[PDB]
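This document opens with one chain alone, in structure tokens, the form deposited in one PDB entry.
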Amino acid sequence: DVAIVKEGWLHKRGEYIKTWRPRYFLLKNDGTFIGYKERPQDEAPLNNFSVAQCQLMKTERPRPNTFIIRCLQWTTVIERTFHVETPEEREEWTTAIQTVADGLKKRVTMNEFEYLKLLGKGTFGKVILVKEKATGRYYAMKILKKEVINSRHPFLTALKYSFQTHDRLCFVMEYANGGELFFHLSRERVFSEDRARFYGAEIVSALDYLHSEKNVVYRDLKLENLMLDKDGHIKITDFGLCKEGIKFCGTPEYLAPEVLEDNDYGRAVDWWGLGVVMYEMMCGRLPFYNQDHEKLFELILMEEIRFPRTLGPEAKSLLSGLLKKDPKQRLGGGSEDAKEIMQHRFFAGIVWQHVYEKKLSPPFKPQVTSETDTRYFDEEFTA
């Protein structure tokens, strides 16, 4: 039943380097809209690429004959921006896309929270750190412009409340109080292989759930998006917002090659991210770094990952598999997805059900007495 509805060449604005690039796109009747560097030869679809419930806008800026697909995916507004040669072409694409979307169709208030800190500002909203007044618990509140618009896992930040104001949509997410992983790593310089295995196993369990139950690629796996809860278990965060980049969106050192290249991508992107995070945990340094962005892009796309003489053979095997440039050769990039990593000898002896059930005790216990303990927000202790 799944068929191609429309296909052809488009100019897509790049997601991280914001330049125009020719990509061959397939629109299919299951909602997927996916672009390739070349016309493909041709498996559960990924929501990332779905046009279901998206809004189509035609614009003449920055460039004439542009059209934008804007979607709310979980709690983040994403935009994909396209150009074609003629307005007649644009009309053909937008009506095809809109027809596909259509065919898919078939009290807490702000007064309850104390504002603490601005965490982030984006094009369509902001994210603030808040404390619920009645419990003293900490939350990240995503506050999105209404016009432009929770299955629990132990290691994902839970969406706790959602509500709207007259012109905003608010998403209230649990905020781990066990400290940022970048803070713990920099304090300790480097983690043992055992400690990295513990955190890596929890991330794998969370990514397996996202890929296989929710059919979504996280795409943002980086050390900055990892926190510890009060007991020392991992929380992958959902605090992001789309930004217009700085004159390039954000920072490149964590991005998978195929994402950097605005190529087709899939679940393998998250295994690259797992490799970047685990490489830094066990080596104490990012895998690729250079002040020059041109040099950094070429490092990520072309330079062979090097390892310290410190690293064991199991860890080198894991990291070199996770950091393969070609996602088709990358560990976890085959149809078994996460099971390829769960079965790797680096994780030998890990009982994966005990990972999910938190039966393995964290190697490091953050210095807090409860979920309301402010230690990792106290300026004095954060240095």
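Note that the rigid core is defined as the largest set of C-alphas that superpose within 1.5 Å between two forms. Note that residue numbering begins at 1 and tracks the sequence as displayed.
What follows is about the form deposited in another entry, which we do not show.
Engineer: Might you check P308, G312, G284, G136 and identify the only one whose CA position changes by 2 Å or more between this form and the one not shown on rigid-core superposition?
Structural biologist: Residue with a C-alpha shift of 2 Å or more: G136.
Engineer: Establish whether a shift of 2 Å or more occurs at the C-alpha of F364 between this form and the one not shown, with the two forms superposed on the rigid core.
Structural biologist: No: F364 shifts by under 2 Å between this form and the one not shown.
Engineer: Please check if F155 moves between this form and the one not shown, taking a CA shift of 2 Å or more relative to the superposed core as movement.
Structural biologist: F155 C-alpha, core-superposed: shift of less than 2 Å.
Engineer: After the core is overlaid between this form and the one not shown, has the C-alpha of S212 moved by 2 angstroms or more?
Structural biologist: For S212, whose C-alpha is compared between this form and the one not shown after core superposition, the shift is less than 2 Å.
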